[PDB]
Structure formats: C-alpha cells, structure tokens
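# Secondary and tertiary structure notes
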Amino acid sequence: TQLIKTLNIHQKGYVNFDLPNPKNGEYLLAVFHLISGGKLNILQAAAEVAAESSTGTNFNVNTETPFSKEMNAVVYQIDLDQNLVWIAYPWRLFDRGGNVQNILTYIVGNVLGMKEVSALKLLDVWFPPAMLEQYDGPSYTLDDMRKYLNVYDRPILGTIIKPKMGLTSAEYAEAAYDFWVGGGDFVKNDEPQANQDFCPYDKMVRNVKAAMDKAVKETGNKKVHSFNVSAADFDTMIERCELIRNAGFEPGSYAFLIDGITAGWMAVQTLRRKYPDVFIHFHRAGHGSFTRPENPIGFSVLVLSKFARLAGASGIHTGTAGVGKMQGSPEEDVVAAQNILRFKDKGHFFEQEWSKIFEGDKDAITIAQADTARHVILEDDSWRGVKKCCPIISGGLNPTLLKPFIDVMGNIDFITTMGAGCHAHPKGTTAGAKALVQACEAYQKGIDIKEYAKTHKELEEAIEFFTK
Amino acid sequence: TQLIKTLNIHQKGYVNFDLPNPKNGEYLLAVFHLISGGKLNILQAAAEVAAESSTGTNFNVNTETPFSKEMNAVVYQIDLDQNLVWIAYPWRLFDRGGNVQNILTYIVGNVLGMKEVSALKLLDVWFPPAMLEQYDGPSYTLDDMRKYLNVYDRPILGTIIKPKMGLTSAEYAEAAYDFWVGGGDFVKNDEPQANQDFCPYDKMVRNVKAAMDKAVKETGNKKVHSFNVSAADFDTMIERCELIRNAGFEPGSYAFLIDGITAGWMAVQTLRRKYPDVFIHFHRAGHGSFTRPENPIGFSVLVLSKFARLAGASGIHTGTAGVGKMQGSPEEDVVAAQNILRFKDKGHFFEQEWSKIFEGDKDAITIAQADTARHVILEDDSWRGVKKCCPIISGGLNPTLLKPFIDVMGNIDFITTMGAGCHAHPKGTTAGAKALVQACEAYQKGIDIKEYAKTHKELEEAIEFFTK
Amino acid sequence: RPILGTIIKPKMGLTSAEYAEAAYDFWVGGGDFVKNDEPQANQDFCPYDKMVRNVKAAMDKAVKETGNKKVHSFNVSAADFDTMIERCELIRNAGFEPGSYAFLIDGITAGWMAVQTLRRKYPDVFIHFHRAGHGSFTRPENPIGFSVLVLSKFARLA
Amino acid sequence: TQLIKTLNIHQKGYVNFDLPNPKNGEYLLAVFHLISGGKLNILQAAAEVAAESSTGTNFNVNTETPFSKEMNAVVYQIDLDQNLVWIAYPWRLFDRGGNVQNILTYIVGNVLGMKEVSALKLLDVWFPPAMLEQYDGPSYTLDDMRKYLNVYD
Ligand SMILES: O=C(O)[C@@](O)(COP(=O)(O)O)[C@H](O)[C@H](O)COP(=O)(O)O
Ligand SMILES: O=C(O)[C@@](O)(COP(=O)(O)O)[C@H](O)[C@H](O)COP(=O)(O)O
Ligand SMILES: [Mg+2]
Ligand SMILES: [Mg+2]
Ligand SMILES: [Mg+2]
Ligand SMILES: [Mg+2]
C-alpha cells in the first residue's frame, strides 16, 4: 500500500499486486530475494529489477508502445519480512525455439549488475505448461542409462579419474578400466579434461574404448564413460563428439559431458539437439558465484537445475548437501535434486509440475503416482511432460559417506561419482571401486559399514583411510 | 613459514613459495582474494584451491604420476594482511586450440563451489607471451570501426533501443533510424533481443538494413548496428549471422552481439573464428554474480575483460565506473577498460603487456609509445601482440553524464551506448541523439554543458529532464 | 655477393610471434635469407600455421620497409609425407610471393625420399637440403661412411 | 665441481647436475660417449652438445627468452672414467604428431658434425611414458605374423 504510493509513474508499470492468475500459463514466475542498494525501498527496487529484466530501463522511454507495456514484468507479491519479491515474466519475451540462455539473460542477466540492489538472488522459478511446451527438455534420461547398464534399485556408481590433469591417454584409460573392472559402472572426464598436448583427445577416446571393451568382457557388465566435449568453439566440440561416435562405442556406453556454465548454455542445447540419444552430462563448474549462499547476487542451485532440465541436459551435478567438500547444505542440493528427478516437487516456493498437459488430468495423476513409486514414466507418452534430469552427486565423497547422503537424499535415483573417494584409496583404484560397491551393498542390505567391512577388506581399508 | 609447517603432504605439492620465475612463460598467474571457510588457514585453503583448480583433489590419489605433479598449480606468494594468494598455473593444463572456457573451468570453476573457502575472488590474471601466442585475440577492433565510421578523436556514440522488448521490427528499425539520423553512429540490439514472435529476427534485420540505408543516405555518414546473435544453439546463431550477412549490409556496418556469460564463451570464440572481419560485441549480461563486490566468490571485472580480449571479442561492456546505474566504482571499471584498450597496463596486481614478442624488443617499445600516443598499432605487425578490445560504456547513462565518465575514463577510446539517455528524452529519440552529440561536442570544445545548451535546445532539454 | 642469411636463435623455445619478430629484425637490417632451424616444426608452443602466418606478416613488413625482397626457408620435415605436404601447402596458401619461401628438409633424418618428393612436387621452390645427422657418414674421425663431397653430389643429383 | 667452475655463463644453462627427477616424464634421457675435440673438457663439450641439440648455439643469443631456457637440454650426470654424459632433453622440443626424425635431428643431428667433440656416440635413450604416448609404435607385430603363419615355439 504505502510502498505502492512510493512508486513513480515508471515503476508502477512494472508492479501489479492484483495480477489475477500468475499461473494462467502466460507468465514464468520468479521469486527473488531482494535487498535494495540504497535510497530505494523494496518495491521500488523490485520494479527496477522487473523493468531491467523484461522491457524497460531507469526511465520511461518515448518509444514505449501500448503493446510494449503488455510484455512488462510485474511484481505481483512481496514478503516484507523475508525481502522476497515475485515477478511474472510474460514468456512471449523469450526467444523462440527453446532458447534458455535468452531466459537467463532476461532474468539473471543485467539485473545482477544493478547498483540499486545490494542482494538479488533468484531463489526459484515456475514454468507454465504452455511455456514448457516450447522447450526440448531431456531426451535421454537416467532410466535409459539404467536399462543400458542393467542397474536398478541402487544408485549408478561412478568415479572421476584423479589426478584431474596430468595423466596421459594410456594412464587415464588404465584408471577408467581399473574402476570399471572393480564393479563401477560410470566413469567421467574431469571437467577441464580436453585435448591437452600430453593427453591427446583422440588417443584418450581410443584408449578409453579399448579399456571399456576389456572391462566389459572381463566383468560381463556394460560400462559408461562420460566424455568432456567442452571445446574452444562449436566445431571442436562436434569434432570431439563425432570422434567419440566413430570410435565406435556401443550406443549408450558414452555420455557427452559439457561444462554448462563456462562453455555456455548454447553448447548444452546444441549437444541436446544434435545428440538426443546421448546422455548429456551437464557439468556446472563455475556455478558457485551464481549459487553460493555467501554470494548475495545470483540464483539458487534449484533454479540452475530447473533450467538445465529445461535445456535438455540428461543429468546435472546437484551437490552432496554438505556431506562432501562442496558447499553447503541439504536444503538447497536435495531440494534441487528432487525437483529435477521428480514429476512434481514442492519446491522452494513454487509447486512445479513438469507435465505439459491439463492440470487435473487423470493420466497426469497416474503418471505422478507411478513416478512416486519409482516406475519409468513418459516412455510412450513423452508429450505429457518433461523427462527427469538425473542428479549427479560428486565432490569430496568417499564410500563412508555413501550411506549418509542417501539418508539426506531420500532415494537412490542418482549417479554418484567419487574421484578422491576411490583413487585415493590406499590399495588402488580397483580397491576403491570395490570398497564403494561394498558400501553400496551394505546400504542395500541395511548392514552398517563397520560391520560389513569385517568380511570385506576394501571397505575396511577405505573406512580406515577416510575416517582421518 | 609457520603456515608451510601447517600443511600436510598433499597440500605441500601445490605450494611453492620458492618458485624462481613465475613470469617465465610456463605459468599463467592468478591472484585470489581468499578467506577460508573454517578450520583451514590461508595457506591450506589456497593449496586446496590450487589442487582443485589444476590437477588434484582433497587427497593424494594413488594414480598420481611424477609427470602429473609437474602440472600442479603452486601457491608462490601470499599477503596475509590482504588475504591474497598467488597461484601459478602451468598453461599446459589448458585445452589446446585457444580454448578459453577450459581456462575458466580450471581457475574459476569448481573452486567457487568449495566450502573450504568463504571468499574466493580472482582479482587478476597474467598471461605469458608464450601462452598469449596460443589464443586468437581480437581480429576486428575499435580502429576498424573508427575507420568505417570515419569517427576519430571522440568516443563512438551509440544507443540501445528502448523499450528493451515489446517493439515490432518496424518500430525497432524506426528507433534505430531516429538515432542514426540524429548523428549517432552505433545502434545495438538489447541483450535479449532475438527471434521473438512479435519481432521476428529476419524482419528485424531487413527493416534495420532499410533504416540504416535511409540514415546513411540522409546524413552522408556511415552507421553501424550490432545484432544480437545469441540463440538456443549454434545452428540458430549462425543462421542469424548469415541472415545478417546476406541482408546485405555494407561490410563493417554490422557487428555480432553475443551474450557472453549466458550464451557461453564457446559462442564468443565461434563468432570470433567464423567471422574475424566482424566486430564481435561481447555483452556481459549475467556477469554480476561473478564480478559484483558484494559477492565474495567470483572474479573481477578486469579478469572478465582480459579473458574476453583473449577469446577474440572485439569489444566488451566494462561499466560506467559508478556514474551510471550499474555497480559500482571506477577502480574496477576504468582499470579493466584501460587494460583491454592499452598495449600495456598496470593493472590490479600484474603488469600485463599484451605483446607476444621479446620483453625488451625495441619495436615493442615503439609500439607501446605509439599506443600511448593513440596511434593505430598492430596493423602490419599483428604477430607482435594482442589487438585491443574496445570498452563499451552503458547502463544508466544520459548525455549529462558523458563528461564525468570521461573525467574518470582518462580517454575517449570507447563505444558509449545510451538507451534511456536518449529514448527517454522528452523530444524523441532523434532529440536524444542530438543532445548526446551536443554534449560530446561540448566536451570536445571544453564548453560546459550548461553553457553549451543555451544555443542547443536538445542538450538543454536533456539536462532539464535528467537533472531530476 | 653471397646471399646473406641467418638462423633464428634460440634454435627452439621461441613462440611464433618471437620467431617472426627475429626474422623481421634480420630482414629489415639488410639480411636477405632467414631459415627455420632444422628441428623447428609444429611444436606446441610454436604452432606451425601460426609461425607461417607470422613469418608472412614479418616478411611483408620488412619488404615494404626495406624495398627489397626477402626469402624464408621453412622446415617441412614431418613425421610422414602427409604432414610434410600439409606444411608445404600451408606455406603456399599463406600466400607468400613466389620465390620468397624455400622448403627446408632434413635430408638425412627425414630421408632422401622426402627430398626427392619435395623436388618433384615443387620444382619451382628452392629445396633447402639440411644435412643434420650427416656427421657419422662424413666425419674424418669415422672410418666408415662417405665423404662430404659424395653427400653433396647425391644431393645435387636428387 | 671443478668442471662446473670451468664452464662459462652460456654453458651453465645446459648443465644441471642437481636435476631432481630425470625420469619425471618431462625428459627423454640420452647417454652419450663423449670425448672432446680439443681445448674443451668433458663438461664444456657436453654443455655445447646439449645446447646444439636442444635450443642453443656456441654463444648466448639476445633473443633468448626465459621460456626458451625451459627447453634447454641439461647435462645431469657424468662418468669421468668412461667419458659418459647424461643429457635430459625436454620432449616438448620435439615436433608433435609422433615425429621421430625430428628427435633424431635434435639428438643425433648437428652435434655429430661439431668439431668440439672428437667422439660422440649416443649409447642409449630412455622414453618416459608421457613421451611414449605421443608416438605410434608398432601396430602389426611378430605375434600377428606368427598367427598368420601358424608358426610358434
Ligand atoms: O573435480 C572435482 O572436484 C569433482 O570431480 C569431484 O572430485 P572428488 O569427488 O574426487 O572430490 C567434481 O567435478 C565436482 O565435485 C563438481 O562439483 P558439483 O558436484 O558441486 O557440481
Ligand atoms: O539494458 C541495459 O541495462 C543496457 O542496455 C543499458 O541501458 P540504459 O543505458 O538505457 O540504462 C545495457 O545492456 C547494460 O548497461 C549492460 O551493462 P554493463 O555495461 O555493465 O555490461
Ligand atoms: Mg571434476
Ligand atoms: Mg487424459
Ligand atoms: Mg624487433
Ligand atoms: Mg640449425
């Protein structure tokens, strides 16, 4: 009321507390933690943020048409105690053809640089079904990799080949084989692993193909390697992708890892569209400045995961919820993982149903019940909703912390990669992989890891090394 | 000394205070503001940051080869009062072929997410000449656009067509013509301006071509439009680029604008390599979470500008140094602009010469003296050094603030775009452009804007509107 | 007068820009001929294409400044034929003035087949026979081998 | 010691007897039987050979960068009785793409023609695994021909 009266003529055009239905399908919804930078109240700063993020500037321009005002972002709700502002963005503003970076430019672009706000954090977003129809979403999912690996009822066990850099193609392939033949299913390139002169990319791909062939023949179990395809340009990325394709691995045995933050959302969308049959591994390296709680300006991990799911990433790192070495808590990481893995989640502020069909459809209710029961959904009915994005759990994880994270995760529908958790095991990479599989089996059987390690030497050695 | 003794075996491998020559060409140099997250001193947290950013993890992995330890990032200097840590990264770690996002993944990637640090801000970086040889740098520069525009001895005057979104192709072209025929040289797409359904991209390009043709014929002066080519994927971006190319504009009359942060560094490098003859307009929308001083985790504006120059961007927004609406001060913005515009700058912590030749070369000294004298350098001798990256000054700027920013800028070698400074002028876009040109002429003649506006109605109206 | 030439020292370790700068420094100082050192190739710190482009720019600058033509001898010895011809075509499509570039081949290490292939594919290009490794054949301290005269005669025949 | 003190400034950049790990993977190792050709001792001749076979000449050139010194071949060991010199060549010097004749041009190229040495025989070389990854190696082997011929034992 009073804050509305404090608004000038320009700011009033971007504030509508009497918006009749924010969830009518015309508006993406964004909740911002907002603290003004000085001399502006919360509502004035929110109006400036909405103008700078939809259509306007610090002033009313004389070129403003009545049609332009329809595209205005409007503040439709404010919590004064929490400093929360809700903004409805007409998704007509966004670039057509499922352009996610255009959305990020609108909502988490210039507004982060504004001195009018001392804190601007996009906590959550809500995608209407009409807007959700515009975007690709995932095409390859965790269920497809589960089918390829024949891994069900447990998290897909993965590793990151440590050292991060400095190994040759032969050494990297040897480490990948050592993890694979030890029982591990998933091996990923470290995020900066690329065509370095001491580890050439084609040699690395060929050696990884040979190592995976040997591991598959020895264990009788399929294996998956996630190749980092982040390059200087598109041509190098697609050349590396085609090099992986023409190796040639079995279909499903390789995933395309892209550094989403650094390489860009364009690279993620290009990989998703060019290779819909390949698991797109979204690596979120560099996300911290956006998502760290110490940083007042940015967007939450939940928003990043939601936009990664929208962009078509098959999976994205979500965080260990403070169990690992990455910041910082379960309330962000587990919530984001549930939101990207579930057909419907809470989440932080918006009830996000990833269905693209009518709200009260009986088939939608059946799909939600099946998704809650952990059955595969959207296989023959992919039009109904967005496919799930697989959470990927990494960062300072050893087998001893496998059970606690699941205790925070609430489920086992995720890929877990442990670089130092296995390669820093005193008895080698294969011993670390065996210890990880032993910890997973102990969790599956309900046996405590200390009790389980009495008959499993690798698990006991991992507990002894990783407890100090 | 004591902090070195506090280090364990793993951390000692990433700390070398006795590094004999950090500037030997083997190491990129990075200065980090670092505050530990808890239970770790400054040296321990710096060692973890260096390990996580070069080769290692929280532990020593048994796969580590002696060759791997050579690629270790080493902390070679620490200021305890300022909480500053210097890390030398062997640039052998970085992906070959001039991949900049690989560098960003190494140095400002995973380390931002580490809970071991409560503050981690990359304040500055230093590129050795041997490393600088590996990267493209700019190919089209501000000097080429100055030659095309026939604009010398004053900043290139530019505008952003406000409203940011909501105008049709005809209205946008009309606003661009109104600025161009008013004396303004440069018109840019707003950062999210793309193929929206109400402003189709091909229609916008054709209408902008017609408007620029009309403005060029009426004024007898060439004009430049910067088109936003940020798309969902590479194919859409190149389709829009080719659409601009086959419009067909005069060569030099169009620039390719890319949202570098959101669309990604891969898009910037791809635009640089595919179109070296086109001004690559780096728009840094979303940079704030990286660069805002309120955010303890990220990298400085200077580092972003330096990496944009390395990636081949012809120009990048640098900030109004607190004069405009964007945060927040001259010490970051002006320093970054000088570092990307000069052949050699201070800068924050490293003396960065952008020459790729011997440090004491007489020709290098002559080139530096010519660059200080504002002569065009590196035309016939582009091997010698990296071409300058033009600073672009935008954000809450009206003509009344044109003189003060130059007072902080120390030069007029920049493109200045004013969206609300001209389109919010009460007498229209052409009146705003005339007021901006009048303010520029008043600065060039030393006449105060209040004195100059007595014989120039547009400048007086702009002052009256923008002084309150 | 003899054609004045130089070899860019250091032999290795210079970037493409530093190499082109040294070549320009010799060229603008009155020197006519600049050659790749015999192992100078597509090293990671001095990429071959960047070296060729920078040498082309430096030769252009020296030619305009001095008003005299300049010649650079590029080492085209590679691992295989395909790499050698790729480097040769990279030199040709730089594109230098015809006669301003010579092809340097390590005739002993790379082999006589490389020398003959360079001669037959590029008869209009000066074939620079570098004889690195010849000493074991030609050193007087070595009782087994062949004289320098024999090596020169077979080079001229090839 | 005394041979180290006999060296000049130029030769000292190609002699490092305190090389910490010659087998760290950065260096191809070469052992040379070396007898100097007159007025140079074993260490000076070895330094000249290392300079001529990695980056240097008979003098210090003014174009030498600090990066260039990182590519210097260094004599890291000497057997005075056997006239043996160990030189660590950073394999960064070698042409990329598995170029073997480039390696031979470096190590057994110009140095054979030097008059500063009266005997220069490369007895042995050691390839680090990181260097060995760069090169092809045999693809068809004696085992393949044994399988084709059905000839074993
Ligand atoms: O390099 C690394 O740090 C990791 O490989 C983990 O290594 P360790 O498991 O051996 O520690 C992961 O890439 C990061 O955890 C990603 O972070 P996030 O999951 O938060 O996106
Ligand atoms: O939408 C905007 O906010 C602007 O068009 C400025 O508009 P006005 O000039 O009309 O205010 C610019 O894109 C930002 O300033 C970029 O910020 P930076 O220069 O810091 O990268
Ligand atoms: Mg990693
Ligand atoms: Mg139904
Ligand atoms: Mg010079
Ligand atoms: Mg030579």
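Within every chain, numbering proceeds from 1 in written sequence order, not necessarily in step with the numbering of the entry, and residues without coordinates do not appear. Lettering for chains starts from A, numbering for ligands starts from 1, and both go in the order in which the items are written. Scope of values: limited to the chains shown, which are part of a larger assembly. Neither water nor hydrogens contribute to the side-chain values; these are computed over all heavy atoms in the structure.

## Section: the overall build of chain D
Here is the rule: Secondary structure elements follow DSSP: runs of H or I no shorter than four residues count as helices, runs of E no shorter than two count as strands, and numbering proceeds from the N terminus. Exposure categories follow from relative accessible area, calculated using a 1.4 Å probe and restricted to protein chains: below 20% of the type maximum is buried, above 50% is exposed, and the middle band is partly exposed. We call two residues in contact whenever any of their non-hydrogen atoms come within 4.5 Å of each other. In this tally, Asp and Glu contribute negative charge and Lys and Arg positive charge; neither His nor the terminal groups of the chain are included. Throughout, a charge is located at the NZ atom of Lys, the CZ atom of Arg, the CG atom of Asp or the CD atom of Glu.
Each helix and strand in chain D was counted, giving seven helices and four strands. Order of helices (α) and strands (β) in chain D, N terminus to C terminus: α-α-β-α-α-β-β-α-β-α-α. Counting every position in chain D, which comprises 153 residues, the buried fraction comes to 50%. Within chain D, contacts between residues at least 6 apart in sequence are counted, and of these 73% link residues at least 24 apart. Taking the average place of the 11 positive charges on the side chains of chain D and the average place of its 16 negative ones, the gap between the two points comes to 5 Å.

## Considering the overall build of chain C
This is how the line gets drawn: Only C-alpha atoms enter the radius of gyration, while the globule expectation follows 2.2 Å times N to the 0.38, with N the number of residues.
A tally of regular secondary structure across chain C gives six helices and five strands. When its helices and strands are written in sequence order, chain C yields β-α-β-α-β-α-β-α-β-α-α. By the compact-globule yardstick of 15 Å for 158 residues, chain C fits well, its C-alpha radius of gyration being 16 Å. Projected onto the principal axes, the alpha-carbon positions of chain C cover approximately 50 × 35 × 30 Å.

## Concerning the coordination of the magnesium ion (ligand 6)
Residue and element names in this part refer to chain C. Applicable threshold: Note that water is not among the atoms used; donors are N, O and S atoms within 2.8 Å of the metal (3.2 Å for Na, K and Ca), so sites may look incomplete.
Protein coordination at the magnesium ion (ligand 6) comes from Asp-37 (OD) and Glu-38 (OE), with a distance range of 2.1 Å. For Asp-37, a relative accessible area of 1% translates into the label buried. Owing to a relative accessible area of 2%, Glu-38 belongs among the buried residues under this scheme.

## Let's talk about the site of ligand 1
Here is the rule we go by: Nearness of a residue to a molecule or strand requires only that one of the residue's heavy atoms be within 4 Å of it. Between N or O atoms, a polar contact is any pair within 3.5 Å; within protein, one atom must be a potential hydrogen donor and the other a potential acceptor, and residues adjacent in sequence are included only when both atoms are from side chains. Residue burial considers only the protein chains on display, and all accessible areas are found by Shrake-Rupley using a 1.4 Å probe.
The local shell around ligand 1 holds 18 residues, among which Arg-284, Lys-325, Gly-396 and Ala-420 of chain A together with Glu-52 of chain B are the closest. The local environment of ligand 1 is shared, drawing residues from chains A and B. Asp-190 of chain A is positioned with one of its side-chain polar atoms (N or O) 3.3 Å from an oxygen atom of ligand 1. Between an oxygen atom of ligand 1 and a side-chain N or O atom of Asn-110 of chain B, the distance comes to 3.1 Å. Surface burial for ligand 1 is 99%, taken as the share of its 490 Å² of free accessible area covered by protein chains.

## Examining unusual backbone geometry
Along the chain, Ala-247 of chain A connects to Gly-248 of chain A via a cis peptide bond; the corresponding omega equals 0°. Considering the arrangement of structural elements, one finds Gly-248 of chain A in the loop between α10 (234-245) and β8 (254-259). For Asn-150 of chain B, which is not a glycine, the phi torsion comes out positive at approximately 60°. Taking the relative accessible area as the measure of exposure, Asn-150 of chain B reaches 62% and is therefore exposed. Positive phi, close to 60°, is recorded for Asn-150 of chain D, a residue that is not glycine. Secondary-structure assignment places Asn-150 of chain D in the segment after α7 (142-149).

## Overview of the relation of the copies chain B and chain A
Where we set the bar: Least-squares superposition on the C-alpha atoms is how the copies are aligned.
When chain B is fitted onto chain A, the two copies agree to an RMSD of 0.0 Å after a turn of 180° and an axial shift of 0.0 Å. The operation mapping one copy onto its partner corresponds to a two-fold rotation axis. Rotation axis and chain B: the residue whose C-alpha lies nearest the axis is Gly-264 of chain B, separated from it by 1.7 Å. A high fraction, 100%, of the interface residues of chain B reappear at the interface in chain A, so the copies pair face to face through one surface.

## Brief notes about the sheet that holds strand β14 (residues 390-393) of chain B
Residues and elements named next belong to chain B. Here is the rule we go by: Any two strands with at least two DSSP bridges between them are considered paired. As a rule, the C-alpha atoms of each element are fitted with a line to give its axis, helices using only the stretch in contact, and angles between N-to-C directions run from 0 to 180 degrees.
Spatial ordering of the closed barrel is given by β5-β6-β7-β8-β9-β11-β14-β15, a layout of eight strands whose pairing is parallel. Between one strand and the next, the sheet's axes are offset by a mean angle of 25°, whatever the strand orientation. Note: β14 against strand β15 (residues 415-417), two bridges, orientation parallel. Counted as the bridge partner of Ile-393 is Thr-416 from β15.

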